[PDB]
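Note sheet for the following structure.
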Amino acid sequence: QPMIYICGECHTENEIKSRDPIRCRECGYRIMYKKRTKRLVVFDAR
Amino acid sequence: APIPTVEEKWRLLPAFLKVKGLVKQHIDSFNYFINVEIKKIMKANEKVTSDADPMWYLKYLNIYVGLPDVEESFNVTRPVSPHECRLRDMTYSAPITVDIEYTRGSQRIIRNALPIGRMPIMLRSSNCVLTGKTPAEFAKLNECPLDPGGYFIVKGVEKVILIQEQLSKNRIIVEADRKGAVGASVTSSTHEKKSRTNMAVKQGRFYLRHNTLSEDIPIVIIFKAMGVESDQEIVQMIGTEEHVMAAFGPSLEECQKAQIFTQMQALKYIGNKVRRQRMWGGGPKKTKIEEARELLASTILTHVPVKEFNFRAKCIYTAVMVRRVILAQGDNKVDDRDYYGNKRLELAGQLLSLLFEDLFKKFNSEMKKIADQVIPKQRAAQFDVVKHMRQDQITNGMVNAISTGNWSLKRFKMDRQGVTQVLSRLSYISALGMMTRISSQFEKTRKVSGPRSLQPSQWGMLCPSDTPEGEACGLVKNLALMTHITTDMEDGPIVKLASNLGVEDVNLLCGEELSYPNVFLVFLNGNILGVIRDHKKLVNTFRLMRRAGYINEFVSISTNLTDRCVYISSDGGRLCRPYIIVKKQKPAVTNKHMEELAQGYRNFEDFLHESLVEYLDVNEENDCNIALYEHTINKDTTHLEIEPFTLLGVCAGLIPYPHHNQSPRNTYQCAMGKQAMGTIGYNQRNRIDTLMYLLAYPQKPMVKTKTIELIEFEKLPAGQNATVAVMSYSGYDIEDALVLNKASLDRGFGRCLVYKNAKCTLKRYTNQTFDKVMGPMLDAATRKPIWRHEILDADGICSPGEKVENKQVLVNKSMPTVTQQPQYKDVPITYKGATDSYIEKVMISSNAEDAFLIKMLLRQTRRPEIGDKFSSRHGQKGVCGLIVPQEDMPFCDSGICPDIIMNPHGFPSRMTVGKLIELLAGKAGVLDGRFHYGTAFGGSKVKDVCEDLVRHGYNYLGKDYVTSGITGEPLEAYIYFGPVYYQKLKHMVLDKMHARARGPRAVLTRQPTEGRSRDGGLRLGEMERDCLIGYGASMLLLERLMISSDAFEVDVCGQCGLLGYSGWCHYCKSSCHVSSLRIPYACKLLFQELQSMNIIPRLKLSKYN
Amino acid sequence: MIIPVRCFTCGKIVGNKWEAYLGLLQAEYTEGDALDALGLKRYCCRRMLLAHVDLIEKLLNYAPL
Amino acid sequence: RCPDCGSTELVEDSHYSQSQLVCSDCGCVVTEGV
Amino acid sequence: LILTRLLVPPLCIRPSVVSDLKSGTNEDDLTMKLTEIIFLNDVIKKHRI
RNA sequence: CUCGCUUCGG
Ligand SMILES: Nc1ncnc2c1ncn2[C@@H]1O[C@H](COP(=O)(O)OP(=O)(O)OP(=O)(O)O)C[C@H]1O
Ligand SMILES: [Zn+2]
Ligand SMILES: [Zn+2]
Ligand SMILES: [Zn+2]
């Protein structure tokens, strides 16, 4: 199951599995955010 | 013929702020500490060796701090931005390295780069990566260009070392005691020892008191011990005035009553009055006279130096002290402690220097002890320090001291607390004003009087209005806009010039010359530099030399004519302020000079060098004559005020027309605006803090002070301009309440965002087992995650963009129970919250310890409602009492309906005319498309804005004809309409609302917990119980304090009177007399504690009849 | 952060008049006459446009991109 | 197991800061308070 | 008035917190004082022996 | 959780 993250400066989609040291290809930066969900969200204009 | 005025004079203030001012204090102090002071400390402790096995040594050669780096990479460093340290909850430090030479086996081995520690690096300092960077480069580093800097980052939190205030050392202080006796005290403190020695007049004669003497001894005996034996010489030194001899006679008689007439006899007496320091190891021949002489030479009056056992200078110093006591014993000229000429400010640099000296001394002592333990017994494998130089000592000491904020220096016996504080990120103004704070040496621990008062000495140095409203009122202060803190000088050329200027040596003359009316003593940092006649020439020459540049411009010279003492101050920590020099009723600064400054020909340093502007110390400005304005300049004026509005501080600079208000309103506004909601910085989106408040549509104020422009507040506004109409409406604005418009709130007015942080850690334990996150526990019935695990992604971590409800898991954390198959118990990170929140981002990082750090940034969008606190930049804090529809609001002819209706009744009691002037100026400015200025002691006048209003077709006083929205009929009175810069405060009813069911209880005493965060209940204090008693409501008091809080049923034995359990008495080994009894649980705890204390309470029960 | 769509008090559409306003500032126009040319008669919309700070581009400078 | 209806649907559901192990079928509060 | 026995109080007066996040527990001062007293009694007995 | 420390609010 492809778990995808975005690093803080490359902003490239990195697929890392469990228990992997947090890094990124073509960088060495170690802040790895999670992508936005695909589920629909309903908002109120109020 | 009015005196000409230099209009562009105020332009001198920005140029000063180009090099000094708001934040440069901490940065300059830290740069000096890490570039100069650390080398001095290492040079002081360069060589370390052990007594065992001589010819072995460890010599330090040079020390470096380097650039900030992270040790995450395996034995490799990597450049790290401060924001990365913020996100990873690590410290922003640089490696303390040193090059050394030592001896392993009598062969010299040298290391050229050997790490020994880590320095937490102050942001924007010399070594900080952010220095010398462009705003684009700041954006690449995820740091706001407007961030003040000057604060440390430790374990992810921003700590600021507050500027400490303390009394100056090595100064004679004449003060009254508890019994009214006028005594003296001097706290002689050198680099090694601090000792406060006192002089008392308890029985009409003078005794000297010190901590090293068993009993205070007569001053004449000390005089005889210090070399001078003739009584006539002592009397000459004290003074030749008749009343002086009359006062000092009893001391001479008391001395003559004893047979003390030689130096040896007085030394023997003192040695008798000496106390051994807990059997000091090693005895150099029943020492006594030698002990007394050593105490006189070293311990007593340390700051006064004896060259080679020649107490002449110390004799002169103590004679001067006696003379001051005698003179003050008449006219009650008792010196006051609150005078800031005697106060000194310690910045971060001096504190860090002391801490690093202590830590380096401890490190060297540990190394020497290890050498002693290892070298003489081990093997032919020669001991070398490199195998033992632990590097976590200095780093851990620095990190713990900065983080916890408590400093314990045993070498100085200094136990300080609250040195560092968490930087407040409520707003840009909050951080900026906290960056310039000053803490007092005395704390709000007690009701003191004097320091808490606003002394006139604070002029130009400290902000008068900015002080925390509450228990710490007056004990926490803020620096003025234009101020500077001096550093230490070399003190050499001062002595050389003073000697060359005719100051006679003190040793050359007897003490009688001290009593002459025209002879003036000249001091230097508490040391008698000498004597002089015609002190006017000396002072003028010294000031002229300082202006010329041969003397450092921060060296201060002042004259005290009452005591006839010329003080020369060169120690650091003194407050200074630039002033324009005035010579013969014409300022040195001309229009041409300001034109050159504007064109860039010259800077502020050029003004300093050309004898146009000079720094004045508090002590020096005591002797000068300062004119506020040009028209105030008279014949006897020595200086001119650069700009009066620099008197106020940074927070007080936000107030428009602050001189038109009452001072408590200004103080309240400073406090309120420290808590104002608004933007933080340009990187506020990437930043993840524990609590963040943002405004949806911030707007820069319509009436802006020049201080706002200087600090670039308009780039990061913290409020919105609302069309305020001042009238009474619906009676829902009785006491400080205000009415908000429903349409305005529906259109985004006051819309705010609250960001909270939820962080979790997945750490690997000592056993090779680690915390792991399960995927969402899918419900087999529906093949969908359960409601609790609804928001979780496939990896068990909640995904950004979804909304979180109460009691829902954000991280499905499960952790092992062992430290054979591992057993995992669930400790999921649930979201406790009254309202729903949206996850904006999820940050996942990994520390060097394999600990996975996860941070969720929850976002809530809140609309103003009933109970939301609103301020008006004038201390008129208010609560939204009612939200009316737009149609119900009154409207003018143009159709404008106000956003905020504020009650007029708040004005007469508080006299906030500044708010009215601000409203008028804002109306005029928005009408003509201008930004009016509400600068302190200036700004746009009322006449100009009235002319602008009449030109634009509105009433010249803002009052406008208004039709009632409800009845549709015109109002009988004109209504005061205009735009006012209202700011929303962080105090929200949603966060403050609390309700408590039965809930949880405390284990020790089974009563509800304390705080809202812990779902605690409210507290019936002692006064609430007193009021209930006064009402006489016995049943309600019983129900509140017993039934509803800690009701319990115990079993009491009616025979022994002790407490049993389960209807059985273990003491009596019976169950016939055991009876149940209702009781508060706290009373049972008290009874059991008393039983444990051998205070046995025996209860004699009886029937209720 | 960004220019509000509606004026807070009256409710006139002011969001679409922001960038054009900047054009008038990119031209030689003063603040007052530019506001007059944009058609903002009552002073509330003039306060809306005049006192607004454009933080959206400064924040976008820190955007991921 | 629930002491009233004998079911095994014991759910740990905290209701307004009150930890509570309760039967999910008949709502019988098995245990409460921590 | 002279104590030769000490009534060590129940556990309710001296709550103990199992901080499983580390290898230790939070104990109040009374438990440590009692531990020191028992240790001193053992030390005195050993010295007498 | 306990404890202390700070910063607030009033
Ligand atoms: N330390 C305290 N103890 C008891 N009550 C307090 C304390 N601090 C604030 N309060 C509450 O706040 C109220 C104090 O307000 P008060 O002093 O009358 O007006 P104010 O704060 O001077 O406002 P102005 O400056 O006059 O506009 C009264 C009291 O119930
Ligand atoms: Zn990358
Ligand atoms: Zn009994
Ligand atoms: Zn409008």
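How things are named: the first chain in the structure tokens is A, the next is B, and so on; residues count from 1 in each chain; ligands count from 1 in the order shown.
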Q) Within 10 Å of stretch 2-9 of chain F, counting only C-alpha atoms (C1' of nucleotides), which residues qualify if same-chain residues fewer than 2 places away don't, as a ChimeraX atom specification? A) /B:404-406,417-424,468,470,671,675,987 /E:15-17,26-28
Would you export the selected residues with N, CA and C atoms as an mmCIF file, in the first residue's frame, please?
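What follows is the written file result33.cif:
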```
data_model
loop_
_atom_site.group_PDB
_atom_site.id
_atom_site.type_symbol
_atom_site.label_atom_id
_atom_site.label_comp_id
_atom_site.auth_asym_id
_atom_site.auth_seq_id
_atom_site.Cartn_x
_atom_site.Cartn_y
_atom_site.Cartn_z
ATOM 1 N N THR B 404 15.311 25.708 31.865
ATOM 2 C CA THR B 404 14.642 25.813 33.155
ATOM 3 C C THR B 404 14.622 27.247 33.676
ATOM 4 N N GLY B 405 15.656 28.022 33.379
ATOM 5 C CA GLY B 405 15.725 29.402 33.804
ATOM 6 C C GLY B 405 16.279 29.627 35.195
ATOM 7 N N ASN B 406 16.646 28.566 35.912
ATOM 8 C CA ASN B 406 17.224 28.688 37.244
ATOM 9 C C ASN B 406 18.738 28.537 37.149
ATOM 10 N N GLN B 417 16.337 32.680 39.837
ATOM 11 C CA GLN B 417 15.232 31.965 39.221
ATOM 12 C C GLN B 417 14.475 32.906 38.294
ATOM 13 N N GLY B 418 13.823 32.320 37.297
ATOM 14 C CA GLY B 418 13.090 33.105 36.318
ATOM 15 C C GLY B 418 13.966 33.997 35.466
ATOM 16 N N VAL B 419 15.204 33.575 35.198
ATOM 17 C CA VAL B 419 16.084 34.355 34.333
ATOM 18 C C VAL B 419 15.558 34.364 32.902
ATOM 19 N N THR B 420 15.122 33.210 32.410
ATOM 20 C CA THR B 420 14.614 33.065 31.058
ATOM 21 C C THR B 420 13.107 32.842 31.086
ATOM 22 N N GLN B 421 12.429 33.328 30.049
ATOM 23 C CA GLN B 421 10.990 33.173 29.919
ATOM 24 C C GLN B 421 10.624 32.761 28.501
ATOM 25 N N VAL B 422 9.494 32.069 28.373
ATOM 26 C CA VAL B 422 9.007 31.652 27.065
ATOM 27 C C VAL B 422 8.570 32.877 26.278
ATOM 28 N N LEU B 423 9.124 33.036 25.075
ATOM 29 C CA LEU B 423 8.739 34.152 24.222
ATOM 30 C C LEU B 423 7.268 34.043 23.845
ATOM 31 N N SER B 424 6.525 35.127 24.056
ATOM 32 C CA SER B 424 5.090 35.142 23.810
ATOM 33 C C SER B 424 4.837 35.498 22.349
ATOM 34 N N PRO B 468 3.214 45.747 33.775
ATOM 35 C CA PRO B 468 2.150 44.727 33.857
ATOM 36 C C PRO B 468 1.115 45.090 34.908
ATOM 37 N N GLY B 470 -1.288 44.268 37.552
ATOM 38 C CA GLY B 470 -1.477 43.140 38.442
ATOM 39 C C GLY B 470 -0.510 43.113 39.608
ATOM 40 N N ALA B 671 -1.011 46.750 28.298
ATOM 41 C CA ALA B 671 -1.300 45.368 28.656
ATOM 42 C C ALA B 671 -2.206 44.695 27.629
ATOM 43 N N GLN B 675 -1.687 41.590 24.317
ATOM 44 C CA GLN B 675 -2.567 40.443 24.098
ATOM 45 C C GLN B 675 -3.443 40.585 22.876
ATOM 46 N N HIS B 987 -9.017 36.599 24.777
ATOM 47 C CA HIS B 987 -9.978 36.105 25.745
ATOM 48 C C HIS B 987 -11.321 35.874 25.089
ATOM 49 N N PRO E 15 -0.097 8.599 48.049
ATOM 50 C CA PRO E 15 -0.318 8.041 46.714
ATOM 51 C C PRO E 15 0.988 7.875 45.954
ATOM 52 N N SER E 16 1.039 6.822 45.145
ATOM 53 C CA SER E 16 2.191 6.521 44.308
ATOM 54 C C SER E 16 1.741 6.468 42.857
ATOM 55 N N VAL E 17 2.482 7.143 41.980
ATOM 56 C CA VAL E 17 2.126 7.252 40.572
ATOM 57 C C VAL E 17 3.102 6.421 39.758
ATOM 58 N N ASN E 26 6.525 8.125 40.894
ATOM 59 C CA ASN E 26 6.387 9.339 41.678
ATOM 60 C C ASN E 26 5.903 8.978 43.076
ATOM 61 N N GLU E 27 6.739 9.247 44.069
ATOM 62 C CA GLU E 27 6.447 8.974 45.468
ATOM 63 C C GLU E 27 6.533 10.263 46.268
ATOM 64 N N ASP E 28 5.670 10.381 47.273
ATOM 65 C CA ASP E 28 5.697 11.548 48.135
ATOM 66 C C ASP E 28 6.852 11.449 49.130
#
```
Q | Shell of 7 Å around ligand 2 (only C-alpha atoms (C1' of nucleotides) and all ligand atoms), written as a PyMOL selection string | A | chain A and resi 7-12+24-29
Q | Protein and nucleic residues near ligand 4, 8 Å, only C-alpha atoms (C1' of nucleotides) and all ligand atoms, as a list in words | A |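 What falls inside 8 Å of ligand 4 is residues 896 of chain B; 6, 7, 8, 9, 10, 11, 12, 14, 40, 42, 43, 44, 45, 46 and 48 of chain C.
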Would you put the residues from that selection into a file with N, CA and C atoms, as a CSV table (one decimal), in the first residue's frame?
```csv
chain,number,residue,atom,x,y,z
B,896,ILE,N,-24.8,54.9,6.2
B,896,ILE,CA,-23.7,54.1,6.9
B,896,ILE,C,-24.3,53.7,8.3
C,6,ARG,N,-16.6,41.9,0.7
C,6,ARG,CA,-17.6,42.8,1.0
C,6,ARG,C,-17.1,43.9,2.0
C,7,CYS,N,-17.6,45.1,1.9
C,7,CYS,CA,-17.3,46.1,2.9
C,7,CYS,C,-18.1,45.7,4.2
C,8,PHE,N,-17.4,45.9,5.3
C,8,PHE,CA,-17.9,45.4,6.6
C,8,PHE,C,-19.2,46.1,7.0
C,9,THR,N,-19.3,47.4,6.9
C,9,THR,CA,-20.4,48.2,7.4
C,9,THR,C,-21.6,48.2,6.3
C,10,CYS,N,-21.3,48.8,5.2
C,10,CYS,CA,-22.4,48.9,4.2
C,10,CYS,C,-22.7,47.6,3.4
C,11,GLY,N,-21.6,46.9,3.0
C,11,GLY,CA,-21.8,45.7,2.2
C,11,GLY,C,-21.6,45.9,0.8
C,12,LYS,N,-21.1,47.0,0.3
C,12,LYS,CA,-20.8,47.2,-1.1
C,12,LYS,C,-19.6,46.2,-1.5
C,14,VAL,N,-16.4,45.2,-2.7
C,14,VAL,CA,-15.1,45.9,-2.7
C,14,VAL,C,-14.0,45.0,-3.1
C,40,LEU,N,-15.9,54.9,-4.7
C,40,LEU,CA,-16.2,54.7,-3.3
C,40,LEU,C,-16.5,56.1,-2.7
C,42,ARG,N,-19.0,56.8,0.2
C,42,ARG,CA,-19.0,56.8,1.6
C,42,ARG,C,-17.6,56.3,2.1
C,43,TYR,N,-17.2,56.8,3.3
C,43,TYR,CA,-15.9,56.6,3.8
C,43,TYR,C,-15.6,55.2,4.3
C,44,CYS,N,-16.6,54.4,4.4
C,44,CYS,CA,-16.4,53.0,4.9
C,44,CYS,C,-15.7,52.2,3.9
C,45,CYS,N,-16.1,52.3,2.6
C,45,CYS,CA,-15.3,51.5,1.6
C,45,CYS,C,-13.9,52.1,1.4
C,46,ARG,N,-13.8,53.4,1.5
C,46,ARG,CA,-12.5,54.1,1.4
C,46,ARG,C,-11.6,53.6,2.6
C,48,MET,N,-12.0,50.6,3.9
C,48,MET,CA,-11.7,49.2,3.5
C,48,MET,C,-10.5,49.1,2.6
```
List all protein, DNA and RNA residues that have an atom no more than 12 Å from any atom of ligand 3, counting only C-alpha atoms (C1' of nucleotides) and all ligand atoms, and report them as a PDB file with N, CA, C and O atoms, in the first residue's frame.
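What ended up in selection-v2.pdb:
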```pdb
ATOM      1  N   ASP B1051     -16.399   3.886  59.277  1.00  0.00           N
ATOM      2  CA  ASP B1051     -16.842   3.046  60.383  1.00  0.00           C
ATOM      3  C   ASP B1051     -16.011   3.382  61.610  1.00  0.00           C
ATOM      4  O   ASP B1051     -14.789   3.194  61.611  1.00  0.00           O
ATOM      5  N   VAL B1052     -16.670   3.882  62.652  1.00  0.00           N
ATOM      6  CA  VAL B1052     -16.013   4.315  63.880  1.00  0.00           C
ATOM      7  C   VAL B1052     -16.410   3.360  64.998  1.00  0.00           C
ATOM      8  O   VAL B1052     -17.593   3.040  65.158  1.00  0.00           O
ATOM      9  N   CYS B1053     -15.421   2.888  65.747  1.00  0.00           N
ATOM     10  CA  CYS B1053     -15.683   2.038  66.901  1.00  0.00           C
ATOM     11  C   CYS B1053     -16.076   2.914  68.085  1.00  0.00           C
ATOM     12  O   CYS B1053     -15.329   3.818  68.476  1.00  0.00           O
ATOM     13  N   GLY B1054     -17.255   2.650  68.654  1.00  0.00           N
ATOM     14  CA  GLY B1054     -17.729   3.430  69.780  1.00  0.00           C
ATOM     15  C   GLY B1054     -17.045   3.116  71.092  1.00  0.00           C
ATOM     16  O   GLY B1054     -17.265   3.836  72.074  1.00  0.00           O
ATOM     17  N   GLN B1055     -16.226   2.070  71.136  1.00  0.00           N
ATOM     18  CA  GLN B1055     -15.518   1.683  72.348  1.00  0.00           C
ATOM     19  C   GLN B1055     -14.140   2.329  72.439  1.00  0.00           C
ATOM     20  O   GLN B1055     -13.818   2.975  73.440  1.00  0.00           O
ATOM     21  N   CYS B1056     -13.319   2.165  71.405  1.00  0.00           N
ATOM     22  CA  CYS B1056     -11.973   2.734  71.396  1.00  0.00           C
ATOM     23  C   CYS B1056     -11.916   4.124  70.778  1.00  0.00           C
ATOM     24  O   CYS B1056     -10.927   4.837  70.986  1.00  0.00           O
ATOM     25  N   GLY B1057     -12.941   4.525  70.027  1.00  0.00           N
ATOM     26  CA  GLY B1057     -12.954   5.827  69.403  1.00  0.00           C
ATOM     27  C   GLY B1057     -12.130   5.948  68.141  1.00  0.00           C
ATOM     28  O   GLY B1057     -11.950   7.063  67.641  1.00  0.00           O
ATOM     29  N   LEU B1058     -11.628   4.840  67.607  1.00  0.00           N
ATOM     30  CA  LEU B1058     -10.796   4.851  66.413  1.00  0.00           C
ATOM     31  C   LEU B1058     -11.609   4.412  65.191  1.00  0.00           C
ATOM     32  O   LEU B1058     -12.743   3.952  65.299  1.00  0.00           O
ATOM     33  N   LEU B1059     -10.992   4.565  64.025  1.00  0.00           N
ATOM     34  CA  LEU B1059     -11.658   4.245  62.767  1.00  0.00           C
ATOM     35  C   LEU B1059     -11.502   2.766  62.440  1.00  0.00           C
ATOM     36  O   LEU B1059     -10.389   2.227  62.455  1.00  0.00           O
ATOM     37  N   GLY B1060     -12.622   2.108  62.143  1.00  0.00           N
ATOM     38  CA  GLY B1060     -12.632   0.739  61.687  1.00  0.00           C
ATOM     39  C   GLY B1060     -12.901   0.650  60.190  1.00  0.00           C
ATOM     40  O   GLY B1060     -13.064   1.647  59.488  1.00  0.00           O
ATOM     41  N   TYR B1061     -12.948  -0.590  59.704  1.00  0.00           N
ATOM     42  CA  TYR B1061     -13.189  -0.843  58.292  1.00  0.00           C
ATOM     43  C   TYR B1061     -14.178  -1.990  58.135  1.00  0.00           C
ATOM     44  O   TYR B1061     -14.085  -3.003  58.834  1.00  0.00           O
ATOM     45  N   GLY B1063     -17.254  -2.431  58.940  1.00  0.00           N
ATOM     46  CA  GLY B1063     -17.989  -2.803  60.143  1.00  0.00           C
ATOM     47  C   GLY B1063     -17.201  -3.677  61.093  1.00  0.00           C
ATOM     48  O   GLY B1063     -17.750  -4.621  61.672  1.00  0.00           O
ATOM     49  N   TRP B1064     -15.914  -3.379  61.271  1.00  0.00           N
ATOM     50  CA  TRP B1064     -15.042  -4.181  62.115  1.00  0.00           C
ATOM     51  C   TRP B1064     -13.907  -3.307  62.624  1.00  0.00           C
ATOM     52  O   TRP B1064     -13.313  -2.540  61.861  1.00  0.00           O
ATOM     53  N   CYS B1065     -13.612  -3.426  63.917  1.00  0.00           N
ATOM     54  CA  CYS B1065     -12.541  -2.672  64.558  1.00  0.00           C
ATOM     55  C   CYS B1065     -11.379  -3.621  64.825  1.00  0.00           C
ATOM     56  O   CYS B1065     -11.494  -4.547  65.630  1.00  0.00           O
ATOM     57  N   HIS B1066     -10.254  -3.383  64.141  1.00  0.00           N
ATOM     58  CA  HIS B1066      -9.076  -4.219  64.347  1.00  0.00           C
ATOM     59  C   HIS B1066      -8.437  -3.969  65.708  1.00  0.00           C
ATOM     60  O   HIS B1066      -7.876  -4.892  66.303  1.00  0.00           O
ATOM     61  N   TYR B1067      -8.507  -2.734  66.205  1.00  0.00           N
ATOM     62  CA  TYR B1067      -7.899  -2.416  67.496  1.00  0.00           C
ATOM     63  C   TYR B1067      -8.565  -3.193  68.626  1.00  0.00           C
ATOM     64  O   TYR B1067      -7.888  -3.805  69.459  1.00  0.00           O
ATOM     65  N   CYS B1068      -9.897  -3.182  68.670  1.00  0.00           N
ATOM     66  CA  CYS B1068     -10.634  -3.901  69.697  1.00  0.00           C
ATOM     67  C   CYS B1068     -10.891  -5.360  69.342  1.00  0.00           C
ATOM     68  O   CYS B1068     -11.370  -6.109  70.198  1.00  0.00           O
ATOM     69  N   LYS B1069     -10.574  -5.777  68.113  1.00  0.00           N
ATOM     70  CA  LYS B1069     -10.809  -7.145  67.650  1.00  0.00           C
ATOM     71  C   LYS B1069     -12.269  -7.549  67.832  1.00  0.00           C
ATOM     72  O   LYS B1069     -12.582  -8.696  68.161  1.00  0.00           O
ATOM     73  N   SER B1070     -13.177  -6.597  67.611  1.00  0.00           N
ATOM     74  CA  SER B1070     -14.601  -6.827  67.798  1.00  0.00           C
ATOM     75  C   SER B1070     -15.375  -6.060  66.738  1.00  0.00           C
ATOM     76  O   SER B1070     -14.820  -5.233  66.005  1.00  0.00           O
ATOM     77  N   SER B1071     -16.678  -6.340  66.664  1.00  0.00           N
ATOM     78  CA  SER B1071     -17.547  -5.672  65.704  1.00  0.00           C
ATOM     79  C   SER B1071     -18.864  -5.226  66.324  1.00  0.00           C
ATOM     80  O   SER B1071     -19.780  -4.838  65.583  1.00  0.00           O
ATOM     81  N   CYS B1072     -19.000  -5.271  67.653  1.00  0.00           N
ATOM     82  CA  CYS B1072     -20.262  -4.907  68.288  1.00  0.00           C
ATOM     83  C   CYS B1072     -20.469  -3.399  68.325  1.00  0.00           C
ATOM     84  O   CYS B1072     -21.597  -2.922  68.136  1.00  0.00           O
ATOM     85  N   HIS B1073     -19.407  -2.629  68.559  1.00  0.00           N
ATOM     86  CA  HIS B1073     -19.513  -1.192  68.754  1.00  0.00           C
ATOM     87  C   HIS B1073     -19.228  -0.382  67.495  1.00  0.00           C
ATOM     88  O   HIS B1073     -19.262   0.849  67.548  1.00  0.00           O
ATOM     89  N   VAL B1074     -18.950  -1.041  66.366  1.00  0.00           N
ATOM     90  CA  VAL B1074     -18.642  -0.315  65.140  1.00  0.00           C
ATOM     91  C   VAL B1074     -19.927   0.251  64.557  1.00  0.00           C
ATOM     92  O   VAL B1074     -20.913  -0.468  64.358  1.00  0.00           O
ATOM     93  N   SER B1075     -19.927   1.559  64.278  1.00  0.00           N
ATOM     94  CA  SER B1075     -21.081   2.245  63.725  1.00  0.00           C
ATOM     95  C   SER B1075     -20.658   3.077  62.523  1.00  0.00           C
ATOM     96  O   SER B1075     -19.563   3.648  62.505  1.00  0.00           O
ATOM     97  N   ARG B1098      -9.829  10.628  69.250  1.00  0.00           N
ATOM     98  CA  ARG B1098     -10.780   9.591  69.609  1.00  0.00           C
ATOM     99  C   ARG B1098     -12.177  10.191  69.591  1.00  0.00           C
ATOM    100  O   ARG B1098     -12.458  11.145  70.325  1.00  0.00           O
ATOM    101  N   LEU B1099     -13.048   9.635  68.754  1.00  0.00           N
ATOM    102  CA  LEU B1099     -14.386  10.173  68.557  1.00  0.00           C
ATOM    103  C   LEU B1099     -15.355   9.471  69.502  1.00  0.00           C
ATOM    104  O   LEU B1099     -15.477   8.242  69.472  1.00  0.00           O
ATOM    105  N   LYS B1100     -16.037  10.251  70.335  1.00  0.00           N
ATOM    106  CA  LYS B1100     -17.084   9.736  71.213  1.00  0.00           C
ATOM    107  C   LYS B1100     -18.418   9.976  70.523  1.00  0.00           C
ATOM    108  O   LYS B1100     -18.952  11.088  70.545  1.00  0.00           O
TER     109      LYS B1100
END
```
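The spacing separating atom CA of residue A:34 from atom CA of residue C:56 amounts to 23.5 Å.
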Q: Within 10 Å of ligand 1, which residues show up when you count only C-alpha atoms (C1' of nucleotides) and all ligand atoms? List them as a PyMOL selection string, please.
A: (chain B and resi 469-471+662-669+736+874-877+906-907+909-912) or (chain F and resi 9-10)
